[PDB]
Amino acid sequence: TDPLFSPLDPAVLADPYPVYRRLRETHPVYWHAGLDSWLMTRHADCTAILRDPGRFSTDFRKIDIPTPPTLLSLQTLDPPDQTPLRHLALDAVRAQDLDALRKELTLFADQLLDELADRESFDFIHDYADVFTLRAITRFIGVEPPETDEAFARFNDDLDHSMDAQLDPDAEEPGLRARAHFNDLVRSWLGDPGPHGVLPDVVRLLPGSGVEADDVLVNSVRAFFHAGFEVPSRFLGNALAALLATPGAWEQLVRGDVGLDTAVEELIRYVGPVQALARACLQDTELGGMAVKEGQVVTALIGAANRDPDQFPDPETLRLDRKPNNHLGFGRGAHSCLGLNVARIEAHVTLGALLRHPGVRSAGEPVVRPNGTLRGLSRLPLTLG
């Protein structure tokens, strides 16, 4: 077990931020034997990794690591190999009508929360966030949602768990299996698209994009869909949990001593769900006084870097009026988030709608999902008001 950072340790999973802070103070560039990687905890070094594809690659084949099936995709290539898919997706995404989306979501949140106000109590994660973000992402892409039976939550759990495979090698094969399942769902979608949305635009925009219609585009569409579903749900659960656990904070939003603009951004900085982004070093480099060798992996701990006191005054405090707030919640560079505008609409719509129920309060203990790469809750018991 690691002297400084065990990300699947339950005591760390309950609250990783003190471990982050201590790690940043003592070894800001730290060699983690178990993850077989360097860990960067500082805002300046994570931004430097994220901005330099020539020196830090997502294509681990460049350091002789074969890419498993279902995983070669937009996320796991660098420019210029990645730029056609990146541009196809950027175009497909900008061709969408975000006001239509926002308005349909606002109707949906208001109806969902009047339904949940009728109950004694409910779980915000499974009864609101997951329902809401699944509607959001299937409307945005233009597909019919999958059925949310227990097999769906089972593939979702395996896929999330698979991100931590370096620490649990038995998690790999179920993640590939789970990702293949959702590829079978993506192929169906692409094989009979509807008339509007991101996915229809991709099919339409293929001719002369430079992108072939193969499993690489399929893996890319699966990852677009799965991130579009899960990451906002992780965020919504973390955000509401932090507001209720932080004295005075919800009261500040209710009274209107702060806008959703600075508040949503500060919530992303403080408890954003993405904790780690790994890259392969293609050329010897010095970071933090440590010599990173060609062939080694480095990991930007952006969740830790977003609480770096070198960048943020009073980094451990939820300051809903924070300005400036140059957080890395949505990444930087060739692989920055394509859904950040959809992410922020969901957060403003969800929060706007909860502010209709000022008496909202916890109704039990939150439960943290056992994931280190992508952090979120599996329940947030609540009663509305």
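Position 1 is the first residue in the sequence shown; the rest follow in order.
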Segment of higher mean CA temperature factor, 111 to 119 or 209 to 217: 209 to 217
Mean Cα B-factor comparison, 149 to 157 or 270 to 278, giving the higher one as deposited: 149 to 157
From the list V258, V131, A242, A304, select the residue with the highest C-alpha B factor recorded in the entry. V258
Which has the highest CA B-factor per the PDB entry: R179, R187, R234, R135? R187
For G175, does the deposited CA B-factor place it in the lowest, middle or highest third of the chain? middle
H43, C-alpha B-factor rank within chain (lowest, middle or highest third): lowest
Chain-relative C-alpha B factor for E230 (record values, thirds): the lowest
Considering every modelled residue of the chain and its Cα B-factor in the PDB entry, is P3 in the lowest, middle or highest third? middle
Which third of the chain holds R319 when residues are ordered by C-alpha B factor: lowest, middle or highest? lowest
